[PDB]
Amino acid sequence: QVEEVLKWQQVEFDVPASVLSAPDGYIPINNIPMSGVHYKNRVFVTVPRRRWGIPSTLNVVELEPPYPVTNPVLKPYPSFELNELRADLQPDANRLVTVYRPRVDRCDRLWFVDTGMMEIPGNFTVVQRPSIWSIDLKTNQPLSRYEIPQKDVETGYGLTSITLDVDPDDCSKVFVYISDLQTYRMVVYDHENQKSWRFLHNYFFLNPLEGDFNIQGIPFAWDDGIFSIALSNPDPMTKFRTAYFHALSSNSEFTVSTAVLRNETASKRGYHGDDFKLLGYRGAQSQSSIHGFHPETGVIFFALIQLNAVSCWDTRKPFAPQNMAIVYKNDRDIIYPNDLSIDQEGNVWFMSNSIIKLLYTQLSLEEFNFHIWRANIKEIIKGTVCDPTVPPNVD
Amino acid sequence: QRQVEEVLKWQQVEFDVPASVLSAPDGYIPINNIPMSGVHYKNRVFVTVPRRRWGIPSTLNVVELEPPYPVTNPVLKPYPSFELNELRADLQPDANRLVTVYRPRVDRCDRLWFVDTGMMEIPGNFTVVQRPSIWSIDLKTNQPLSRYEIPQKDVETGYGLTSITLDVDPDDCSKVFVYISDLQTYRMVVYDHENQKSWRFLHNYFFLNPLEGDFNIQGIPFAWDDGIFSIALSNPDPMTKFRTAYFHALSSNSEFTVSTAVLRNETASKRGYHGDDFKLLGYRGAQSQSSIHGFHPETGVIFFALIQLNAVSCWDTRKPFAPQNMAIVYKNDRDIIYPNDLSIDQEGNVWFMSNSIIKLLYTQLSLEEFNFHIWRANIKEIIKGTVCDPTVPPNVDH
Amino acid sequence: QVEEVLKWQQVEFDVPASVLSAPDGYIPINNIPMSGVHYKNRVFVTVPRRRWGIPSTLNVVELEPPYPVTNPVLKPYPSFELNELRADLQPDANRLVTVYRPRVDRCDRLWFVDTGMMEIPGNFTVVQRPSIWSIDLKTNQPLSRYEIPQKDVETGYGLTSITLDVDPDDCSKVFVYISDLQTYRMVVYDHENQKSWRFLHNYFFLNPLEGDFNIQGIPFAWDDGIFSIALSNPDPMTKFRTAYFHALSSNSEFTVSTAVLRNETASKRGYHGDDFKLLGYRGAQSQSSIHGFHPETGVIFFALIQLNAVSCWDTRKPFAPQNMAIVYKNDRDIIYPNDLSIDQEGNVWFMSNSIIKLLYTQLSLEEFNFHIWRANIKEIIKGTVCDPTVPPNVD
Amino acid sequence: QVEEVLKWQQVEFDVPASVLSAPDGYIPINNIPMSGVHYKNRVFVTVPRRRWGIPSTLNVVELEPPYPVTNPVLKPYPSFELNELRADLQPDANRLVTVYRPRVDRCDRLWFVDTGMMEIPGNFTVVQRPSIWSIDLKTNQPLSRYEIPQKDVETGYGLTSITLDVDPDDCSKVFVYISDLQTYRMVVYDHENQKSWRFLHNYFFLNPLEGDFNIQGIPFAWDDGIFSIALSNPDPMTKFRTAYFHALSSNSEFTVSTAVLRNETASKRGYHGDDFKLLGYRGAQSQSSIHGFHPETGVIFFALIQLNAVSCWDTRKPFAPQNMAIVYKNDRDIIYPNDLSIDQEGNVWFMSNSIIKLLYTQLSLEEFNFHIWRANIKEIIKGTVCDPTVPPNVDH
Ligand SMILES: *[C@@H]1O[C@H](CO[C@@H]2O[C@@H](C)[C@@H](O)[C@@H](O)[C@@H]2O)[C@@H](O)[C@H](O[C@@H]2O[C@H](CO)[C@@H](O[C@@H]3O[C@@H](C)[C@@H](O)[C@@H](O)[C@@H]3O)[C@H](O)[C@H]2NC(C)=O)[C@H]1NC(C)=O
Ligand SMILES: *[C@@H]1O[C@H](CO)[C@@H](O[C@H]2O[C@H](CO)[C@@H](O)[C@H](O)[C@@H]2O)[C@H](O)[C@H]1NC(C)=O
Ligand SMILES: *[C@@H]1O[C@H](CO[C@@H]2O[C@@H](C)[C@@H](O)[C@@H](O)[C@@H]2O)[C@@H](O)[C@H](O)[C@H]1NC(C)=O
Ligand SMILES: *[C@H]1O[C@H](CO)[C@@H](O)[C@H](O)[C@H]1NC(C)=O
Ligand SMILES: NCCc1ccc(O)c(O)c1
Ligand SMILES: NCCc1ccc(O)c(O)c1
Ligand SMILES: NCCc1ccc(O)c(O)c1
Ligand SMILES: NCCc1ccc(O)c(O)c1
Ligand SMILES: [Ca+2]
Ligand SMILES: [Ca+2]
Ligand SMILES: [Ca+2]
Ligand SMILES: [Ca+2]
Ligand SMILES: [Ca+2]
Ligand SMILES: [Ca+2]
Ligand SMILES: [Ca+2]
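Protein chains in written order, with full-length UniProt numbering: chain A, 23 to 417; chain B, 21 to 418; chain C, 23 to 417; chain D, 23 to 418.
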């Protein structure tokens with residue numbers, strides 16, 4: 023029902039031996055994949071440069087059964103020329119420094135944010151400013167690039183997550199919502215008018231008490247804020263969408279109309295009033311990392327961090343723990359769910375990268391550390407409370 | 021509880037009507053007169069006595085407020101006149117007379133709205149005198165403005181038309197919609213005032229919850245099968261200019277919502293399947309079966325009249341609908357037997373009433389004790405500091 | 023083990039051509055069979071007049087291998103003279119207007135209720151008052167006919183199900199419990215004394231949330247209440263029986279002693295107190311239409327509407343989903359299980375009529391729309407949880 | 023029994039006219055006092071440089087009847103030479119740029135932190151690095167100055183609150199705890215060994231839902247974190263104390279032993295474990311700004327922002343709303359309680375500067391905008407639940 027598609031012990035790259043032979047040109051243990059997204063027969067894996075020895079940040083893998091695919095070699099996408107890291111570390115608009123979590127739209131495009139910053143412990147290296155890319159997945163040729171001005175974000179330290187808002191009619195009308203979990207803000211990007219603005223709010227911050235975890239018997243505490251944003255279907259009368267968002271270190275979900283996020287004048291306000299709302303409580307130890315909204319079913323899938331599971335919620339039902347169901351739970355393999363995406367085929371994709379083991383213990387490249395799963399949405403929710411046909415619980 | 025005033029109180033209800041009507045046999049019976057309403061306008065309070073039995077001289081009445089409070093055993097004066105409240109012995113349909121009136125509503129336009137069921141629910145002999153009709157009375161002149169007979173296509177008799185909710189346009193006042201709650205046939209009948217048309221909605225959510233229909237008030241057990249009973253409207257949405265209709269059944273601990281954009285849609289009423297238009301809001305709480313509830317435009321707070329808990333609770337509509345995001349503002353197990361009515365005036369007060377209907381139906385009603393109570397509470401003051409206060413933030417589980 | 027016995031693409035009647043040739047005397051699409059019962063290797067099929075062009079409401083079919091028999095012609099029972107429809111539409115005590123679900127007892131008698139009402143969309147026509155019938159199945163001669171008084175039920179709109187309570191010794195001592203899913207009541211009928219009374223309770227109502235269905239991708243909601251009643255064997259001590267009843271739109275099962283249902287003075291109460299009991303939750307999407315109790319095995323067979331299946335339960339085991347088993351499931355054929363009955367031969371009979379396709383979509387007469395199955399009870403429960411010898415999954 | 027000591031319509035300085043005449047030297051409405059602290063008939067009033075036109079940041083006022091003293095002229099302390107702002111805005115270790123809330127100890131010294139930064143709307147000007155000062159109140163001569171290294175704090179943007187931990191025996195043994203409500207951290211200062219270290223923790227952050235205020239009909243929302251710290255009495259031997267701390271936008275109080283804060287090795291941890299504890303919920307709309315702990319009675323006094331009041335709590339009774347009492351409330355005068363201090367004379371001092379009026383509306387220099395009160399602690403709590411002799415209202 024939920025098949026493991028890709029798994030790695032460590033990450034290898036399809037690059038010249040010149041890069042592998044060079045000193046500090048490739049360290050296996052430093053290469054941690056932070057994203058896995060699906061398109062056609064291609065899965066894009068990203069390796070953010072949070073360490074030294076990372077040949078390529080944006081990569082791609084060709085799917086071929088049987089699953090699970092063992093240690094697929096990452097091919098630098100779109101090309102290794104772009105994923106080449108300059109020794110001088112100087113700004114270049116035709117290079118990719120660090121890419122976290124890309125998203126695929128209906129227009130056969132790949133959207134991602136190049137932070138332009140390497141978060142090496144000790145040496146924070148800001149190579150260039152953060153930029154928002156779009157790639158044509160049909161030609162494999164970059165379509166647009168937008169450098170984010172200083173007035174919106176300083177460095178792009180926390181720009182690790184993006185949400186696409188594409189008009190159902192015109193494919194040119196696109197808005198992108200970036201979650202900064204470091205600076206506790208939301209960067210809005212107007213693709214049509216090539217403008218951008220930032221939103222500052224208290225709800226983007228964590229919950230002090232809900233920031234402590236214990237995974238794989240490893241205790242830790244994070245102060246990470248807004249991390250993920252999920253969009254509902256357009257309102258028939260208003261044409262606007264409801265943005266479900268939450269902080270990493272939070273058991274609470276919040277909502278806001280895109281009418282507000284698409285309003286540049288609203289961003290500059292010091293007080294946003296009652297525009298941002300509290301949805302409700304997701305549940306004990308129900309801290310989510312990434313979540314996505316399925317347009318067909320109207321079901322939001324949450325990547326639970328502490329519970330090592332993936333849950334779902336039918337947006338039509340009241341937001342409560344008893345109106346949510348766990349569709350998959352794996353305490354052995356799912357250490358930290360680093361990514362969750364919904365593809366154009368009606369599948370839910372989620373990933374674990376065992377990042378906790380690297381941070382607080384030793385990671386062993388003998389074990390399979392990196393896992394990617396997929397599950398058919400309509401089939402996984404069939405019997406559960408997430409099925410729209412199934413009524414909500416009485417509690 | 022220490023800032024809620026009792027305004028009116030009765031042991032028995034009497035009437036300022038001709039002695040010819042009071043003297044006549046079965047023209048006035050003391051124990052049969054049970055008021056089901058208490059609404060405030062300016063300096064007077066409108067009390068209704070539905071003819072659920074015999075000996076009911078008048079249904080719609082009015083009382084002038086005058087200290088000291090509470091006013092003991094006020095005489096109910098037929099409104100607008102006794103000529104309209106005089107029951108015909110022939111029992112023929114009277115298009116200019118009032119048979120049975122339950123729960124009136126007052127709007128901002130100085131009008132009084134109510135529904136004349138035209139039906140007397142006497143135990144043993146159900147008498148349908150005429151068809152159900154909606155009224156509008158000018159409170160300045162005390163003259164009836166309009167009367168609309170509800171077609172058979174919408175309601176059969178009007179047996180359960182004991183609740184009304186007004187939807188007046190914030191801009192114009194001639195544009196009016198009325199939502200009537202039928203707790204007997206389990207439906208909502210919609211009335212378009214300007215176009216003088218009406219239609220009905222049928223839905224499963226208008227029914228009761230089989231398990232949540234048992235009560236025990238004052239040590240008197242009973243069960244009711246009453247459905248959709250009360251509707252409360254939010255402020256018009258700034259973008260769509262529509263409202264959210266909070267509605268619940270009497271025998272249910274659940275609250276539901278629906279956009280007035282659906283209710284105002286005549287073609288949508290004739291559908292067999294309404295789809296996801298009607299949604300479940302959430303669980304109000306254990307033993308939290310409500311009778312009548314009202315929404316205060318200014319604060320955005322809903323006051324529920326809790327039947328089993330013999331109390332009145334409030335809820336900020338901005339906060340998620342949850343037990344911990346609700347507070348009890350007033351509780352009185354002695355006086356509040358059954359909260360029969362709850363209304364929100366134009367003066368920023370919440371009015372609620374108990375009529376001890378249970379003690380008449382299932383036990384003995386004593387005219388030696390006070391059985392009927394009307395209360396008033398300032399909304400902004402009663403919520404100040406509570407979770408009902410919009411300025412106060414919502415709570416969480418942990 | 024479970025074999026299809028009868029199946030129709032449409033239903034035809036063996037009656038004078040004069041009736042078929044008459045103006046709108048027979049419309050193929052309007053004739054929907056609502057039941058199928060087995061007695062002495064005979065099958066009685068009923069076609070309630072919920073439309074125009076329905077020659078006969080009560081019919082019979084002779085069983086003859088091989089099975090399934092394709093498109094058997096319905097034979098009016100007991101004769102066409104009774105099933106004839108009067109043009110003047112006046113009440114006739116010796117005629118059958120509308121019959122839903124007949125039942126067979128151990129005393130070789132056929133019980134059914136003529137509603138005397140035609141539920142045509144546009145013109146609800148009440149021909150006559152509802153009447154309960156008894157037929158001697160050995161002589162095919164009517165035995166008894168009782169008109170239900172207005173004090174008990176008004177129109178007989180929702181009298182579509184009956185349960186027989188015959189004394190194990192005397193065949194004259196008979197009580198019949200009718201289920202009114204429209205007015206939400208239970209009509210009790212005392213055969214011996216020729217009296218009757220009604221019961222009103224909250225438990226006869228539906229559950230608001232549990233009324234939404236989606237069969238064959240067709241969404242719809244029904245407000246139908248108490249629909250079926252099943253009687254256990256007499257208690258060895260008090261000789262009273264447990265009446266298991268449920269609403270159509272509900273996942274909950276209820277119980278009440280027949281001592282209460284047989285009690286006319288208890289009928290006149292406004293409050294029944296603690297007399298009616300909640301048995302428990304049958305399961306998610308486990309809304310049942312008709313159910314029967316098998317005296318020999320003490321097993322109840324439920325006709326699941328949403329699951330398109332037939333389940334069983336051992337009454338001795340605690341009423342829980344884990345203590346129930348699905349004995350037959352057929353998403354292709356079983357759209358709506360319109361009837362389920364337990365014959366005298368130790369078989370469970372169930373039927374599907376594709377009613378929803380008529381109401382919400384269009385019914386194709388080129389496909390088989392009407393199905394009747396039979397299954398040996400002792401053999402079907404052998405290796406399941408419904409087997410009395412097998413212990414429960416949940417204490 | 024609570025008396026108003028000082029009240030201003032606007033702040034004026036005792037400085038040469040050459041400074042007040044200077045271009046953008048003295049803009050009245052930009053001069054907002056942020057602290058009023060007491061010492062032997064002297065009140066030290068500070069005016070942080072959050073805007074242009076502020077002659078002196080650290081000032082003093084001599085107390086003399088009758089009270090309340092109307093529009094006292096601020097006198098630069100210890101002198102104008104130190105408070106004078108350089109026109110070239112270059113770093114100078116003998117200059118005071120911006121001081122917020124000074125604190126007085128038992129050893130007759132005045133502690134405060136010069137942020138060295140001007141938080142001017144538009145262009146935040148960092149003149150110099152933040153420094154921790156001590157002044158002898160007997161000689162009015164600066165005793166010590168310690169520049170805080172970049173390893174601990176970036177600029178000193180949020181260093182607006184300090185808590186003194188002086189050893190009961192030796193006056194030379196001092197620790198200072200600095201609350202940074204902007205970078206959400208606590209800076210520890212070792213005075214004896216002239217070292218310093220920072221602390222990061224989730225509890226220093228605000229509570230998202232508890233950040234919205236409505237004062238004087240003025241709606242606003244703040245994201246400010248750990249803002250105040252209060253110290254209990256020291257253990258008779260180990261001389262460790264309990265540090266009661268809270269964020270500005272929070273209805274929760276938190277505790278931590280000084281044994282942890284005084285531990286430099288513990289500061290460099292990435293996970294502090296259960297060392298920082300949650301005390302409990304202070305009450306609805308009970309967001310506190312500054313609070314202090316009175317050694318004698320053991321009572322903490324909270325400055326309530328939203329309730330426009332001052333509440334107390336006995337540190338022996340369980341931390342719960344019904345175990346706390348409002349000793350003073352004034353919706354008219356108390357707009358934003360900007361500072362609260364406990365003196366060596368057994369009085370509680372609190373102040374309101376109407377900061378929100380300047381921020382979100384207009385400030386009238388015809389109205390009294392700045393207020394400073396005092397109250398005898400043992401007298402104000404006499405009957406209340408805050409009295410140690412009075413029993414608690416709930417067991418909790
Ligand atoms: C884009 O957002 C702009 C700023 O945000 C608005 O103002 C806030 C105070 C809130 O009202 C918020 O909901 C709203 O988005 C805004 O320029 C613009 O429209 C605003 O909509 C306001 C809705 O109330 C409305 O405010 C008006 O002005 C303020 C100063 C007060 O006087 C209000 O009583 C008055 O209604 C106004 O249309 C406008 N507000 C402002 C500040 O300009 C919004 N975009 C669109 C298309 O509406
Ligand atoms: C009244 O109800 C009908 C219900 O069918 C609404 O109809 C539909 O609207 C969309 C597009 O407008 C159409 O695809 C479907 O047939 C919907 O059901 C109708 O809009 C509504 N009328 C109004 C304006 O309230
Ligand atoms: C900071 O960076 C220095 C540069 O070192 C080199 O950087 C790149 C080119 C990698 O190849 C790396 O392996 C090289 O060492 C480091 O020498 C220095 O140690 C770094 N400082 C810290 C504190 O991490
Ligand atoms: C505090 O500092 C570290 C952190 O726990 C620890 O090693 C040390 O023992 C503690 N206290 C001291 C200084 O002994
Ligand atoms: N993915 C780890 C990001 C992180 C977590 C906790 C922190 O305190 C922090 O500064 C950064
Ligand atoms: N307030 C009495 C309304 C009521 C309650 C139960 C019933 O069965 C009924 O017909 C009517
Ligand atoms: N099963 C058909 C009977 C039925 C179903 C639903 C209804 O709403 C109704 O009035 C009648
Ligand atoms: N004067 C209070 C400081 C403050 C409050 C809220 C903010 O969002 C902020 O940046 C600064
Ligand atoms: Ca694929
Ligand atoms: Ca962080
Ligand atoms: Ca008045
Ligand atoms: Ca009823
Ligand atoms: Ca047989
Ligand atoms: Ca029905
Ligand atoms: Ca801040």
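Where a beta carbon is used, it is the ideal one built from N, C-alpha and C, also for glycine.
Taking 7 Å as the Cβ-Cβ cut-off, the segment 214-247 of chain C approaches chain A at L231, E232, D234 and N236, given in chain order. Contiguous alpha helix (DSSP H) elements confined to the segment 27-84 of chain A occur at 39-43, taking only those with 4 or more residues. The residues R72, in chain order, have a CB closer than 6 Å to that of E141 of chain B in the same chain once the five nearest residues on each side in sequence are set aside. Assignment of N215 of chain B by DSSP, reduced to helix, strand and coil, places it in the coil class.
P171 of chain A and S218 of chain A have their C-alpha atoms spaced approximately 8 Å apart. Inclusion of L132 of chain A and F35 of chain A in the CB contact set at 8 Å is not warranted, their separation being larger than that value. The residue among C:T280, C:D353 and C:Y266 with its C-alpha nearest the C-alpha of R304 of chain C is C:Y266.
Shown here, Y225 of chain C sits in a helix according to DSSP, grouped into three states.
Beta-bridge analysis with DSSP links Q163 of chain B to B:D158.
When C-beta distances to chain D are compared with 7 Å, the residues of the segment 399-418 of chain B below that value are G405, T411, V412, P413 and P414, in chain order. The C-beta of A306 of chain C comes closer than 8 Å to at least one C-beta of chain A. Taking 7 Å as the cut-off, the C-beta of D246 of chain A counts as close to a heavy atom of ligand 5. Taking each of A:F226, A:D191 and A:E214 in turn and checking the Cα distance to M208 of chain A, the smallest one comes out for A:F226. Using beta-carbon distances, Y303 of chain B does not count as an interface residue toward chain C, since no partner is under 8 Å. Sequence-distant Cβ neighbours of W74 of chain B in its own chain, meaning closer than 7 Å and more than five residues away, are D46, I49, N52 and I142.
For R291 of chain A, the shortest C-beta to heavy atom distance toward ligand 1 is below 7 Å. In the structure shown, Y179 of chain A adopts coil according to DSSP, grouped into three states. Excluding sequence positions up to five before and after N63 of chain D, its CB lies within less than 6 Å of the CB of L85, all in the same chain and listed in chain order. At a cut-off of 8 Å, the C-beta of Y293 of chain D has a neighbouring C-beta in chain A. Checking the 7 Å criterion, the Cβ of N145 of chain A is within range of a heavy atom belonging to ligand 3.
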